[PDB]
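Asks: What would the 3D arrangement of this be:
(2 chains, ligands or ions: 2)
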There are 2 protein chains.
Amino acid sequence: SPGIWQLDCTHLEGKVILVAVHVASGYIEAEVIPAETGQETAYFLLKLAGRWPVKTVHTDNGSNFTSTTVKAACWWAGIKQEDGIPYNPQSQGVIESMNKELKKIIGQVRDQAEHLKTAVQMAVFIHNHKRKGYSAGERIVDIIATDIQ
Amino acid sequence: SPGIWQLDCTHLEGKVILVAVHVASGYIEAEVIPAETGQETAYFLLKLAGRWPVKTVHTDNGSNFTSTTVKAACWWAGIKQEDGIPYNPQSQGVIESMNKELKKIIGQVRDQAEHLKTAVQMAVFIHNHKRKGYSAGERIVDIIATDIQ
Ligand SMILES: C=CC[N@H+](Cc1ccccc1C(=O)NCc1ccc(OC)cc1)Cc1ccc2c(c1C(=O)O)OC[C@H](CCC(=O)O)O2
Ligand SMILES: C=CC[N@H+](Cc1ccccc1C(=O)NCc1ccc(OC)cc1)Cc1ccc2c(c1C(=O)O)OC[C@H](CCC(=O)O)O2
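Replies: Numbers count the residues shown, from 1 in each chain, chains lettered A, B, ... in the order given. Ligands and ions are numbered 1, 2, ... in the order given. For reference, the structure is listed below:
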């Protein structure tokens, strides 16, 4: 549980926003990329796993699950690559809701930056700091620290 | 102390590696950029503060300290922007040693990627996971979790 992440890809402004969600906390990292290739996804996972203790990644689609570049990044970084089949149907709903929330926040900040990437990083900040009362940033640290001890 | 970070800029392959170090743990994030402009630094700090609870950043030089774009990012993200004067002389040494270690690791992985950015992210991963015994990744989470609690 402390090490499980889920990939999510959403679209805005003719660009792709790649998101990794820490399932237990709802904490996220995200980046804007031109298109969702194996190489882009692989690089994103490499960054993520250097920053947080990523044990398992549920990939966002079959192309990323299949990609030998993504498999190679998971091998490199010691990540168990898994499918993202929503065996619990609540999973699709959670992702859909998160994409809607993120796009809402991006709208709220969109005029504060020229470039979408900037707005997306503002959105990451707002999402992770939002008290729901603990924030997702607080929850991830607490969950991982409890696991370490 | 749990919220204190230090910026650090080093050079390789005619490119710039921008590093943020969490002082208390030695945990790092880093990125390759073409050159160290106010905008690049501002964007990097925005990313960092969305991911970790950044209270204070000691800037790496006077240009980044002065930069109105950097001040604007720090305002946005609620970061106290400070100078990086080594009032404790041991600070220069620590930074220099870290740059040497980072460049060492990059050399050890350099043939596993075409692009320097990939090698730098591998180096971030290796540095953060290295046990010296706890890792820097373990230390940062424990320090912050203790602070929340
Ligand atoms: C077919 C992949 C290309 N190489 C092959 C390669 C070229 C030269 C030497 C070794 C290799 C090799 O296979 N090593 C094992 C390996 C595999 C996956 C992996 O995933 C992290 C890291 C390492 C690795 C690579 C991947 C993603 C990138 C890269 C690069 C790169 O070569 O630097 O560069 C930046 C790019 C940014 C995102 C974007 O622009 O899409 O993401
Ligand atoms: C002179 C700055 C340019 N704008 C001015 C702007 C343009 C339009 C509307 C508002 C503004 C505005 O001042 N808002 C307040 C503000 C200030 C600093 C800040 O820093 C996080 C974020 C927000 C903000 C900006 C900065 C760094 C970037 C950006 C962009 C951008 O406009 O999207 O785009 C990506 C780039 C990537 C790194 C690189 O390529 O150097 O970093």
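Asks: count of neighbours near residue A:65?
Replies: Using other C-beta atoms under 10 Å in any protein chain shown, residue A:65 has 18 neighbouring residues. For the C-beta atoms, the positions are set from N, CA and C on the backbone; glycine is no exception.
Asks: Ligand 1 versus that one, what's the distance?
Replies: Distance of residue A:65 to ligand 1, computed by C-beta to the nearest ligand atom, to the nearest Å: 15 Å.
Asks: If you tally nearby residues, what's the number for the closest residue to that residue other than its chain neighbours?
Replies: Of all residues not flanking residue A:65 in the chain, residue A:59 sits nearest, at 4.4 Å (C-beta to C-beta, 6 or more residues apart in numbering or on different chains). Residues lying near residue A:59 (other C-beta under 10 Å) number 22.
Asks: Residue A:59 is in contact with residue A:73, isn't it?
Replies: No. Residue A:59 is beyond contact range of residue A:73, at 11.3 Å (criterion: C-beta atoms under 8 Å).
Asks: Which neighbours do these two have in common?
Replies: residue A:41 (C-beta atoms under 8 Å, 6 or more residues apart in numbering or on different chains).
Asks: Now do the lengthiest helix in chain A: distance to the chain's middle.
Replies: Across chain A, the longest stretch assigned as helix under DSSP state H is helix A:90-109. The chain centre lies 12 Å from the centre of helix A:90-109; the measure is C-alpha atoms, centre = their mean, to the nearest Å.
Asks: The helix or strand that comes right after that helix packs against which elements?
Replies: The C-terminal neighbour of helix A:90-109 among helices and strands, as given by DSSP states H and E, is helix A:116-129. Applying 3 or more C-beta pairs under 8 Å, 6 or more residues apart in numbering or on different chains; DSSP states H and E, we find helix A:116-129 packed against strand A:28-33, helix A:90-109, helix A:136-148, helix B:38-51.
Asks: ok, stretch A:40-54 near ligand 1 or not?
Replies: Yes. Using C-beta under 6 Å from any ligand atom, stretch A:40-54 reaches ligand 1 at A:40, A:42, A:43, A:46.
Asks: Make CSV out of the residues you listed and add neighbour count and distance to chain B.
Replies: Converted to CSV, the residues of stretch A:40-54 next to ligand 1 look like this (neighbours: other C-beta atoms under 10 Å in any protein chain shown; distance: C-beta to the nearest C-beta, whole Å):
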residue, neighbour count, distance to chain B
A:40, 19, 12
A:42, 22, 9
A:43, 22, 7
A:46, 24, 5
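Asks: Could you dump these into CSV and include distance to residue B:92?
Replies: Shown next, in CSV, are these (distance: C-beta to C-beta, whole Å):
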residue, distance to residue B:92
A:40, 38
A:42, 36
A:43, 33
A:46, 31
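Asks: Closest one of those residues to residue A:110?
Replies: Among the residues of stretch A:40-54 next to ligand 1, residue A:40 lies closest to residue A:110 (C-beta to C-beta), at 22.9 Å.
Asks: what two of the residues of stretch A:40-54 next to ligand 1 are the furthest from one another?
Replies: A:40 and A:46 (10.9 Å).
Asks: hang on, the earlier thing: would you mind finding the most buried of the helices and strands packed on helix A:116-129?
Replies: Most buried of the helices and strands packed on helix A:116-129, by mean neighbour count (mean count of other C-beta atoms under 10 Å in any protein chain shown): helix B:38-51, with a mean of 22.
Asks: Can you tell me the strand partners of the helix or strand that comes right after it and which way each runs?
Replies: For helix B:38-51, the following helix or strand on the C-terminal side (DSSP H and E) is strand B:56-58. Here strand B:56-58 is paired, per DSSP bridges, with strand B:4-12 (parallel), strand B:80-82 (parallel).
Asks: Let me see the contact set for the residue nearest to the spatial centre of chain A.
Replies: Centrality entry for chain A: nearest residue to the mean C-alpha point is residue A:20, 1.1 Å, by C-alpha atoms, centre = their mean. Residue A:20 is in contact with A:5, A:6, A:7, A:8, A:28, A:29, A:30, A:44, A:45, A:48, A:57, counting by C-beta under 8 Å, 6+ apart.
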